[PDB]
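Here's a solo chain for you in C-alpha cells, the form deposited in one PDB entry.
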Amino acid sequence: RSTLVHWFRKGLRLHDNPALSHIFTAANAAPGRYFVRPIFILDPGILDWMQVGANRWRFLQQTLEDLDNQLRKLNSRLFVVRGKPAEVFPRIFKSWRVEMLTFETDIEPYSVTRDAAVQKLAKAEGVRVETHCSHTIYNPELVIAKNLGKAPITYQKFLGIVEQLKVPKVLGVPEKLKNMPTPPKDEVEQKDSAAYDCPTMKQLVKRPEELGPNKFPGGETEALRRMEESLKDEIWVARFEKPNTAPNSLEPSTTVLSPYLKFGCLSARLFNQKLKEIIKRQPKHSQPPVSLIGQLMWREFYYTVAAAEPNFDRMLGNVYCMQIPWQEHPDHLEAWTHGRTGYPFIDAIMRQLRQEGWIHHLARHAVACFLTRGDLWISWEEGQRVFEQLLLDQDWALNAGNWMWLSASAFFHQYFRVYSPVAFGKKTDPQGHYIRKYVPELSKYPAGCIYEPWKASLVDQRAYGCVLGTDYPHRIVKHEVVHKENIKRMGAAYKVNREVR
C-alpha cells in the first residue's frame, strides 16, 4: 500500500491549497491503494540560514496545532517530522512507499536549493512530484516570462504585466478522507508513537521570557476569523488608502494579515477574491498603489523581482541594489535594535516590534529610514536581520525589498524625502499615547516634548520622573544635522553607481 505525501512548508492551510487538495481527491478517487501523510518538516537547516524570535515560534506552534486540528476534521492528521530534509526524505520514501509528493512552490533561495535536491532524490527513487504555485496570486516565473525574461522593476509596469494574466481559481477545503485507516507505524513511530505529534510551546520556544502579549494567534482559523473582521466594514475597505493609516494608533489601523499570509494560513488568492467581491458592491473605491488589493500587488511585485535575483537580501551581487558605503557602528546598531536610541518615537516602535512582533508599515518606515539613510547610516542588511528575528510576518522577499526601498537602495530613489523621528508620529498621535505605552518611563512628559525629551530642563525631567541619561538615554545622534549630511552621502553614492551603470 503506497503513500501520498503533501509537504507543508508554507501553505499552512486546508483552504485554497491545490497541492493538498490533489492528494485528497487522489486518495479518495481510488481509496484502498493509498495512505495519506500530510507532513511538516521541522528543519534545523533553517536556523543556520535565518534568525527566529520567540513570538514567531509561538506563531508556528499555534499554526501547526490548528493545522493538525483541521486535518483531523478530514480524517487525517499532521505529521511533524523532526530532521533536515536530506536525512528525512530518502528514509520516508522507503518506509512509507511514497507514490507521490506535493508542495506549494517557493522562490526563496534556501527552498529552491532544498527543493532541487528533493526533486532529484524523488526521481532517484521513482517518486512522482507534483508542485503547485499558490503562495502568490501570480506566478513570478510567468510574470518574468511575459516580460521577456525580465522582472519588471516598477509597480505600474508590474500591474500592466499581471493584468494580462488570468487568475487561478480559488479552491475550497479538501474532501474529508473516506474509508481511510491510519497509516502503519514506521520504525520511528514504533520507538516513539508521539514522534510526529505537534510540538508544544515548551518544546518549540526555548526562550519563554522573550514572549510578549499574544495579540495575533497563529493558524488558518484565526486567519479566516481576522479577515472577516477586517472586511466586515466594506466602506472602510473600499476607501482604504495605506498612507492615511496610522503608524502609532494603539489599535492596528491596517488588517494585520501579514503573518497569516507569510505562513500561508490565509491564501493571498482568497483574500484577493474577497476584496474583488467588495469592489463590486462598492464601485467607488481606492486603486493601486494605495488600496488593499494594491497592498497584495506590492507583495506580488516584491516576490517577482526577488524571484529573479538570489542575492536579493544582500547589497553586494544584487542587480537592483544601489552600492552605498554604509558604516559599521555596533553601538548605534545595538541602540536601534533595543529601542534605546533616545528618540521616543523610534524607541516606542522597536519595543512594540520586540514585544509583539508586528508593527505598522509606516512605523517600519520610520525606524528603517532612521537606521539607514536618515540618521545612523547603517546597512539595511542589519535592519533586515533584526526585523527577520522580531517579525511574526518576516518574509525573505518582502523584508529585503522594503528594506531596499526605505534605504533608497532600490525601487525608491527620492532620498531627499527623509522621515523625521520627532515630527512624523505627531500627526496621528499628538498626545504620544503610543510612546507613553511602549516607553513608560516617559509617560508623564507633556505632549509638547514627549517626542523631544532633550528639550526639557533638568528640573522638568525630575518632575516628570525620568532624567535623560539615566532613566532614558540621551539621543544617540542629532537628526537635524545627520539627515542633511546623509542626503549628501546618497547624492555621492548615486553619482558613483551611475558612472558604472
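Residues that one form lacks are left out of the comparison. Take the two forms, superpose them, and find the largest set of C-alpha atoms that agree within 1.5 Å; that set is the rigid core. The numbering used is simple: start at 1 and walk along the sequence shown.
Undergrad: Can you let me know which of the two, 87-95 or 232-240, has the higher average C-alpha B-factor in the entry?
TA: Between 232-240 and 87-95, it is 87-95 that shows the higher mean C-alpha B-factor.
Undergrad: Could you check the entry and say whether 163-171 or 72-80 has the higher mean CA B-factor?
TA: Taking the mean B-factor of the alpha carbons in each, 163-171 is higher.
Undergrad: In terms of CA temperature factor as recorded, identify the highest of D347, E334, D393, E277.
TA: So the option with the highest C-alpha B-factor is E277.
Undergrad: When you compare the CA B-factors of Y434, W454, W49, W57 as listed in the entry, which one comes out on top?
TA: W49 has the highest C-alpha B-factor of those listed.
Undergrad: Going by the recorded CA B-factors, say which third of the chain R462 sits in, lowest, middle or highest.
TA: It falls in the middle third of the chain.
Undergrad: Grab the CA temperature factor for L376 from the record and place it in the lowest, middle or highest third of its chain.
TA: As the PDB entry reports it, the C-alpha B-factor of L376 lands in the lowest third of its chain.
Undergrad: Using the B-factors in the PDB entry, rank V386's C-alpha atom against the chain and give the third, lowest, middle or highest.
TA: Lowest third.
Undergrad: Considering every modelled residue of the chain and its Cα B-factor in the PDB entry, is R314 in the lowest, middle or highest third?
TA: Middle third - that is where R314 ends up once the chain's C-alpha B-factors are sorted.
Undergrad: Which third, lowest, middle or highest, does the CA B-factor of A223 fall in along this chain?
TA: Tercile = lowest for this residue's CA B-factor.
Separately, the form deposited in another entry exists; it is not shown, and the next lines address it.
Undergrad: Which one moved? Candidates are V52, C449, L468, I46, criterion is a Cα shift of 2 Å or more between this form and the one not shown after superposing on the core.
TA: Spelled out, the residue whose C-alpha shifts by 2 Å or more is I46.
Undergrad: Work out whether the Cα atoms of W49 and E356 come closer together or move farther apart in that other deposited form than they are in this form, the change being 3 angstroms or more.
TA: Pair moves closer in that other deposited form.
Undergrad: Regarding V52 and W49, go with closer or farther for their CA spacing in that other deposited form versus this form, the difference being 3 Å or more.
TA: Pair moves closer in that other deposited form.
Undergrad: Looking only at residues in both forms, which consecutive runs of at least three have C-alphas displaced 2 Å or more between this form and the one not shown after fitting the rigid core?
TA: After core superposition, the one displaced run is 43-50.
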